[PDB]
Amino acid sequence: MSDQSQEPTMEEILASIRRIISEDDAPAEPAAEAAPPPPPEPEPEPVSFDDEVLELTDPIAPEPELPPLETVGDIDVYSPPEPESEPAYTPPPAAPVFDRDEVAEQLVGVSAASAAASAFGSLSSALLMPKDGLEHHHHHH
Numbered sequence: 001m002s003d004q005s006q007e008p009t010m011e012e013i014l015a016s017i018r019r020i021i022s023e024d025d026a027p028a029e030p031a032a033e034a035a036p037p038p039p040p041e042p043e044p045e046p047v048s049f050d051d052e053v054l055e056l057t058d059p060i061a062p063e064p065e066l067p068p069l070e071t072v073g074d075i076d077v078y079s080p081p082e083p084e085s086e087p088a089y090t091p092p093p094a095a096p097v098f099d100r101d102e103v104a105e106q107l108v109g110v111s112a113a114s115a116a117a118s119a120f121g122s123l124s125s126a127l128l129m130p131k132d133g134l135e136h137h138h139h140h141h
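Residue 19 in the entry's author numbering sits at position 19 of the sequence shown, and the numbers go up by one each step.
Written out as C-alpha cells, the structure reads:
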C-alpha cells in the first residue's frame, strides 16, 4: 500500500495504523521452499568469517558506559540503537484538549512487557605462588 496496492496486505495495514517502533505478536503463516547445492569454496580460509577474539596492549577507559547491542529488521520504522540525541518519540510538555483518538485493527493487542539490566565485573584476591622458600638463614652460625 506504499503507492497503490492491488490487493490489501496485512503487513501494510498494520503499518498504516502505526508508523513507530513497537512489539508485534500478531500471528503469521509464511511459506518458502529452497535447497540449492553448497558452494565449492576452493579459496583458502586464513581469516574467520565472524571475529571472536580481542587483544589490546594499551588499555582504555571510555567512561563507565556500555550500551546494549540491538538489531532491527521489520516493517517497523528503522531507528538507531542509541537515539540519545534523536527527539521525535517524546514530544515537549503541553496541555491541549484531548481529541477522540482510538486505534486497534490488529497491530496493537494489549502489550507492554518489562525489561531491566544489571551487570558487575568479576574480581578475585588470589594468585599462583610457585616459590615457598623452605630454607631460611640470617644469623651467623
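Virtual Cβ for every residue (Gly too), placed ideally from N, Cα, C.
Take the alpha-carbon of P59 and the one of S125: they are about 21 Å apart. Between the C-alpha atoms of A61 and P40 there is a straight-line separation of about 45 Å. Rounded to the nearest angstrom, the gap between the Cα atoms of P92 and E84 is 15 Å. For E12, the three-state secondary structure derived from DSSP is helix. Between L107 and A26, the C-beta spacing is below 8 Å. Contact between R19 and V72 is ruled out by a C-beta separation of about 15 Å, above the 8 Å threshold. With fewer than three CB-CB distances shorter than 8 Å, the segment 49-59 does not count as touching the segment 113-123. In terms of Cβ geometry, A88 and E23 do not form a close pair [threshold 8 Å].
Secondary structure of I20 (DSSP, three-state): coil. For the options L69, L14, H139 and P67, the alpha carbon positioned closest to that of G109 is the one of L14. Scanning its chain for C-beta atoms nearer than 8 Å, with the 5 sequence neighbours on each side dropped, one finds around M1 the residues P8, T9, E12, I13, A15 and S16, in chain order.
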